[PDB]
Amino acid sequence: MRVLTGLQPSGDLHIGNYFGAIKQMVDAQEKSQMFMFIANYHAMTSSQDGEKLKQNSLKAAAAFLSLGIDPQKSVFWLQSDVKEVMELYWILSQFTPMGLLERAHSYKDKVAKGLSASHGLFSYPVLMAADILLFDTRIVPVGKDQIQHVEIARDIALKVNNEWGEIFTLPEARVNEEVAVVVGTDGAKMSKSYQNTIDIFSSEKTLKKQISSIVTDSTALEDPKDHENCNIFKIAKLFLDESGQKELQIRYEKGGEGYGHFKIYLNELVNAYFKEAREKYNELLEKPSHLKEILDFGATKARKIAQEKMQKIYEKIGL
């Protein structure tokens, strides 16, 4: 069962991304050969500022490598280096009823929040179907809002298979509901669109600003504090084993220590936890030639698989 994950290059990774998905992805690499790609063609649907898009791609590559993606075990590349996905995209469009795409909620949702009503935004799910189907993907790890896109991919595969014979694997979404939802600085679900994030690859000065923004109770410094509902505790939990959690909890219930101290402590836990990844990340961005090499290594492996599939597709479509 091939697992394939496309990764958005847009924006800074935050601890919610890390504990909610990335860590699981990294720890799954010994279980099977996993496929992961930075989806920079898809990033063009929300911006055409090339200088920014290009840096976003480099940074995303460096972030995921530094967080534990192993290019030896896995197949990790930049979407735009394997150009076969473009041709399959066009071929798959001949099998995609407009009806299927007009219904898609993701286009409506993105338009409603201000994105441009463009052909690229509308066509987003077809290109993603090409990503999935080109590599005979069985399982697509996604957030809940990308489930329908995977479903669209499958519907397309069914239409192709019905016409051409069983040439595509039928993909299914995998969402993990087991995972804790990481609260942001305001108490709501941590997300970039809420600007309530604690970012992984920021300077200590920047991280301090973020942690300081965390909303808390009005409870006096002297009085016992409720750990169960405290955002700081809730985030600290991510960095603490059983004893450390209890030790912090005990500081909460004693009084004489304030949330300002708890924030100081959280800064320490966060800086220490991602210390190694941050240095690796800055190290990769400092010498971009090594990053290009890692990405090229990954592309070579993905391209071989893509080229094998395209040869079969070429037979069916007459290329």
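Each residue number is its position in the shown sequence, starting from 1.
Novice: Got a sec? Mean C-alpha B-factor, which is higher, 272 to 280 or 41 to 49?
Specialist: In the deposited entry, the stretch with the higher C-alpha B-factor mean is 272 to 280.
Novice: Mind pulling up the entry and telling me whether 218 to 226 or 123 to 131 has the higher mean Cα temperature factor?
Specialist: Mean C-alpha B-factor is greater for 218 to 226.
Novice: Between 80, 197, 116, 161, which one tops the list for C-alpha B-factor in the PDB entry?
Specialist: Going by the entry's C-alpha B-factors, 116 comes out highest.
Novice: Based on what the PDB entry reports, which of 7, 1, 4, 317 has the top C-alpha B-factor?
Specialist: Highest C-alpha B-factor among the listed options: 1.
Novice: Check where residue 182 lands among this chain's C-alpha B-factors and tell me if it's the lowest, middle or highest third.
Specialist: Middle third of the chain for residue 182's C-alpha B-factor.
Novice: Lowest, middle or highest third: where is residue 289 by C-alpha B factor in its chain?
Specialist: Tercile = highest for this residue's CA B-factor.
Novice: Lowest, middle or highest third: which one holds residue 35 when the chain's residues are ordered by CA B-factor from the entry?
Specialist: As the PDB entry reports it, the C-alpha B-factor of residue 35 lands in the lowest third of its chain.
Novice: What third of the chain does residue 84 rank in for C-alpha temperature factor, lowest, middle or highest?
Specialist: Tercile = lowest for this residue's CA B-factor.
Novice: Can you tell me which third, lowest, middle or highest, the CA B-factor of residue 262 falls into for its chain?
Specialist: Answer is middle: the recorded C-alpha B-factor places it there.
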